[PDB]
Amino acid sequence: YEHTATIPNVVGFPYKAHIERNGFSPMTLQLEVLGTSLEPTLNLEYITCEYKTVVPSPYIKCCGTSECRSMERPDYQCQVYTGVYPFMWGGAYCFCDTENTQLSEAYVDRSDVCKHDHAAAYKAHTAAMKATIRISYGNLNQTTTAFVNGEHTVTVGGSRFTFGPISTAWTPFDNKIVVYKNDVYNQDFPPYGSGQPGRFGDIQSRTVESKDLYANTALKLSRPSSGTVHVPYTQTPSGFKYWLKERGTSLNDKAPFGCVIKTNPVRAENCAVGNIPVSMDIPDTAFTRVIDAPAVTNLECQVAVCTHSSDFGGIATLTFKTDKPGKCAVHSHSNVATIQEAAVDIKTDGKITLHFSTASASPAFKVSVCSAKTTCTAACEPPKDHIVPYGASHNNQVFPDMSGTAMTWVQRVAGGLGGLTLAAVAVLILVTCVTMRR
Amino acid sequence: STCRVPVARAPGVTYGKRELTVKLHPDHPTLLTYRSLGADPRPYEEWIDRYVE
Ligand SMILES: CCCCCCCC/C=C\CCCCCCCC(=O)O[C@H](COC(=O)CCCCCCC/C=C/CCCCCCCC)COP(=O)(O)OCC[N+](C)(C)C
Ligand SMILES: *[C@@H]1O[C@H](CO)[C@@H](O[C@@H]2O[C@H](CO)[C@@H](O)[C@H](O)[C@H]2NC(C)=O)[C@H](O)[C@H]1NC(C)=O
Ligand SMILES: CCCCCCCCCCCCCCCCCC(=O)O
Ligand SMILES: CCCCCCCCCCCCCCCC(=O)O
Ligand SMILES: CCCCCCCCCCCCCCCC(=O)O
Ligand SMILES: *[C@@H]1O[C@H](CO)[C@@H](O)[C@H](O)[C@H]1NC(C)=O
């Protein structure tokens, strides 16, 4: 059977889709979102971590001279110093007072635990949404997972279900994404090969297995002091540790729509935004015939108590007359209220109770039991708690009924004013007609 | 490795009309964080070291 429905993208809310099949008894279906996942595509740019300044022991050329040698080493420095007279504990290391050179060599290398402790810069685009849905209709009760697009169909008890693409293309991740362990940051990391010392990206490596390493740490070399072997050098501190103690909070603490950001892989789950179109293919076996379905007539709706709270604070009493017991499908054709139960036990007493959630003072929702029809009218009340720990179960409709007390007074005032205006119009019309008559 | 970390006491919440007031009793600098669940969140940050409201 061909049928399409649209459901909200809210977890923990069961949409009630109703199928009015022609030759069969109506069926009401449970569409329950158990959990979603918005999965972006990540393009790794580089890997940033703490660096390691390797300063080997200086060669001290006692009464001699050497020249600096260029080396294919990231951030390499090589300075020769003449006239050095170092000292050791036992005495003077070299022989001549001033005819001596010391070779100072230093460079930047990937730290031993970039393999362990590192941050990855990503680009996020084309987020792919996948959601978990429970289908429970008639006698079956199943849960399946499907990609949210008009190109995936999953079998549920012989049924072909396809959830068409996310209503909106909104994503919480920006173009540039930096991931450290379980935290994701919306950060404009510097482009590869253009890093500054002391900031994030001072040293950059394309891959963990990369052999090429870019380092810009402003390493400097300076004369040793007289009678000391220490290879003086002044260098900018690691920008990775600076970022670590200036990162602040991650995207989990600022994501809109209550998104929960996790990693492995980087994803945003249970975001409450947009709608999920549903296309349904139900076979004949699921439906029930009206010959075996009870015939329900004389359905009136009267309401004892109703409160427009977040939960199902409305209580509806229905009276009807059936011929045989069985199970009807109940639905609200109006978004004003949503009936908690989809099928109730239908017996001889002819009276049934229903729980519904509304948000308006005077709701007018319509209830159909099997094929019967009736109109439910109520005066719902402002509830007790300023705050509750659960979300609203209604559609958040606050427009009162056309026949509500407020709309009744408004309509009375409008009717009186319109009667006065039409009386004035008729009087002037008659007067003008008489004037052209004379 | 896994490290045992302390768990702060549950704050005392008095419900006002779409207001939320909490008693905070930290033994040490404790991070309080909240955000809105709607379209435009308004995240917060403050490290709590004494009793505050
Ligand atoms: C004699 C008086 C005539 C003067 C009227 C002048 C109108 C005022 C103009 C500007 C007001 C700006 C505010 C936006 C309007 C929101 C309405 C809206 O948006 O209605 C929505 C849809 O309505 C309709 O479909 C149309 C039905 C009503 C329109 C015409 C009804 C006839 C007369 C009007 C009665 C009301 C005025 C008279 C009462 C005062 C007497 C003392 C309400 O549905 P909802 O819950 O989704 O809305 C809640 C919004 N949610 C859920 C998205 C957050
Ligand atoms: C169909 O089955 C699901 C999964 O068993 C039902 O969900 C359970 O609901 C009961 C309450 O009756 C909870 O105590 C369980 O924790 C739920 N199980 C979960 C969430 O795994 C669901 O109520 C059923 N829906 C129907 C009968 O239409
Ligand atoms: C809705 C009810 C319709 C009935 C309308 C009744 C008409 C009112 C009765 C008297 C109307 C006379 C007003 C015209 C002024 C007469 C003097 C003149 O024309 O020079
Ligand atoms: C809304 C209340 C009922 C509507 C009828 C109201 C009657 C109003 C009185 C009629 C106006 C007096 C007639 C003479 C007016 C004139 O031509 O100057
Ligand atoms: C909304 C203001 C008027 C516009 C609509 C005009 C259509 C109705 C015709 C006007 C009445 C003409 C009949 C002759 C009587 C007269 O001359 O007053
Ligand atoms: C959030 O997401 C996971 C999987 O997407 C789901 O299993 C979990 O139940 C969800 N949490 C909520 C809000 O129920």
# chains A, B, ... in the order shown; residues from 1 in each chain; ligands from 1

$ residues_near_ligand --ligand "ligand 6" --cutoff "12 Å" --atoms "only C-alpha atoms and all ligand atoms" --output "MDAnalysis selection string"
(chainID A and resid 9:13 32:39 129:134 143 145:146 257:262 267:272 390:391) or (chainID B and resid 37)

$ select_by_dssp --residues "range 339-413 of chain A" --states "alpha helix (DSSP H)" --output "ChimeraX atom specification"
/A:405-413

$ interface_residues --of "chain B" --to "chain A" --cutoff "10 Å" --atoms "only C-alpha atoms" --output "VMD selection string"
chain B and resid 14 to 20 33 to 45

$ atom_distance --atom1 "CA of residue 417 in chain A" --atom2 "atom 16 (C, counted along the ligand's line) of ligand 1"
22.3 Å

$ residues_near_ligand --ligand "ligand 4" --cutoff "10 Å" --atoms "only C-alpha atoms and all ligand atoms" --output "ChimeraX atom specification"
/A:415-424,426-428,430-431

$ select_by_dssp --residues "range 155-295 of chain A" --states "strand (DSSP E or B)" --output "JSON, numbers by chain"
{"A": [155, 156, 159, 160, 161, 162, 163, 176, 177, 178, 179, 180, 183, 184, 185, 203, 204, 205, 213, 214, 215, 220, 221, 233, 234, 260, 261, 262, 267, 268, 269, 275, 276, 277, 278, 279, 280, 281, 288, 289]}

$ write_last_selection --atoms "C-alpha atoms" --output "compact mmCIF listing (two decimals), in the first residue's frame"
# COMPACT_ATOMS: atom_id res chain seq x y z
CA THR A 155 12.45 -4.48 5.46
CA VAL A 156 10.21 -4.44 8.57
CA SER A 159 7.16 -3.87 4.70
CA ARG A 160 9.30 -1.56 2.55
CA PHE A 161 10.21 1.58 4.54
CA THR A 162 12.23 4.51 3.13
CA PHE A 163 12.92 7.66 5.25
CA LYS A 176 37.41 23.58 9.93
CA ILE A 177 37.34 21.00 12.74
CA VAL A 178 39.99 20.25 15.37
CA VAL A 179 39.61 17.00 17.32
CA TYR A 180 41.51 16.17 20.52
CA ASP A 183 36.42 16.84 22.17
CA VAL A 184 35.63 18.68 18.93
CA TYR A 185 36.37 22.39 18.48
CA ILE A 203 54.65 22.40 14.01
CA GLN A 204 52.58 20.49 11.46
CA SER A 205 52.72 16.94 10.09
CA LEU A 213 57.58 17.68 9.29
CA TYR A 214 57.06 21.44 9.15
CA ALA A 215 58.38 23.38 12.15
CA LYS A 220 67.73 30.98 18.26
CA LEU A 221 71.39 30.27 19.13
CA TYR A 233 69.49 28.59 22.98
CA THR A 234 66.20 30.49 23.33
CA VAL A 260 25.62 15.62 21.70
CA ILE A 261 29.04 15.61 20.03
CA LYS A 262 31.04 12.39 20.18
CA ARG A 267 29.39 12.78 14.91
CA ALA A 268 26.46 14.81 16.22
CA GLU A 269 23.65 12.73 17.70
CA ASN A 275 11.41 16.69 9.66
CA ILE A 276 11.89 13.14 8.40
CA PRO A 277 9.63 12.24 5.45
CA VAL A 278 8.40 8.64 5.54
CA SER A 279 7.29 6.47 2.61
CA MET A 280 5.40 3.32 3.56
CA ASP A 281 4.72 0.04 1.74
CA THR A 288 -8.06 -6.23 8.96
CA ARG A 289 -11.40 -6.43 7.16

$ residues_near_ligand --ligand "ligand 5" --cutoff "10 Å" --atoms "only C-alpha atoms and all ligand atoms" --output "PyMOL selection string"
chain A and resi 428-437

$ atom_distance --atom1 "CA of residue 6 in chain A" --atom2 "atom 4 (C, counted along the ligand's line) of ligand 2"
22.7 Å

$ residues_near_ligand --ligand "ligand 1" --cutoff "6 Å" --atoms "only C-alpha atoms and all ligand atoms" --output "tab-separated table (two decimals) with N, CA and C atoms, in the first residue's frame"
chain	number	residue	atom	x	y	z
A	396	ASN	N	2.35	21.82	20.42
A	396	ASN	CA	2.47	23.21	20.85
A	396	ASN	C	1.53	24.11	20.05
A	397	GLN	N	0.24	23.81	20.15
A	397	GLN	CA	-0.83	24.59	19.54
A	397	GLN	C	-1.54	25.36	20.66
A	398	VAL	N	-1.56	26.69	20.54
A	398	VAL	CA	-2.13	27.53	21.58
A	398	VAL	C	-3.29	28.38	21.06
A	399	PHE	N	-3.64	28.26	19.79
A	399	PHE	CA	-4.81	28.95	19.26
A	399	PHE	C	-6.07	28.30	19.83
A	410	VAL	N	-14.93	37.42	21.56
A	410	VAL	CA	-14.45	38.16	20.39
A	410	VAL	C	-15.51	38.15	19.29
A	414	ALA	N	-17.52	41.27	17.64
A	414	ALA	CA	-17.47	41.47	16.19
A	414	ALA	C	-18.87	41.44	15.58

$ residues_near_ligand --ligand "ligand 2" --cutoff "10 Å" --atoms "only C-alpha atoms and all ligand atoms" --output "short mmCIF file (atom, residue, chain, number, x, y, z; two decimals) with C-alpha atoms, in the first residue's frame"
data_model
loop_
_atom_site.label_atom_id
_atom_site.label_comp_id
_atom_site.auth_asym_id
_atom_site.auth_seq_id
_atom_site.Cartn_x
_atom_site.Cartn_y
_atom_site.Cartn_z
CA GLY A 12 11.58 9.86 22.49
CA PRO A 14 6.18 8.50 18.91
CA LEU A 29 0.94 3.14 13.33
CA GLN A 30 3.71 3.91 15.88
CA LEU A 31 6.67 5.86 14.39
CA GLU A 32 9.25 6.13 17.22
CA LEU A 34 15.11 6.05 19.17
CA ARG A 134 10.95 1.56 15.95
CA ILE A 135 7.96 0.29 13.96
CA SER A 136 5.18 -1.28 16.03
CA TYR A 137 1.83 -1.70 14.28
CA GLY A 138 -0.93 -4.27 14.63
CA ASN A 139 0.72 -7.27 16.26
CA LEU A 140 4.41 -6.66 15.37
CA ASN A 141 6.97 -4.52 17.26
CA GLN A 142 10.31 -4.07 15.48
CA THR A 143 13.33 -1.68 15.48
CA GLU A 341 -2.87 5.28 22.91
CA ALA A 342 -3.31 4.13 19.29
CA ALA A 343 -5.61 1.14 19.85
#

$ residues_around --residues "range 50-52 of chain B" --least-positions-apart "4" --cutoff "9 Å" --atoms "only C-alpha atoms" --output "count of residues only"
8

$ closest_residue --among "A:121, A:219, A:425, A:62" --to "ligand 3" --atoms "only C-alpha atoms and all ligand atoms"
A:425
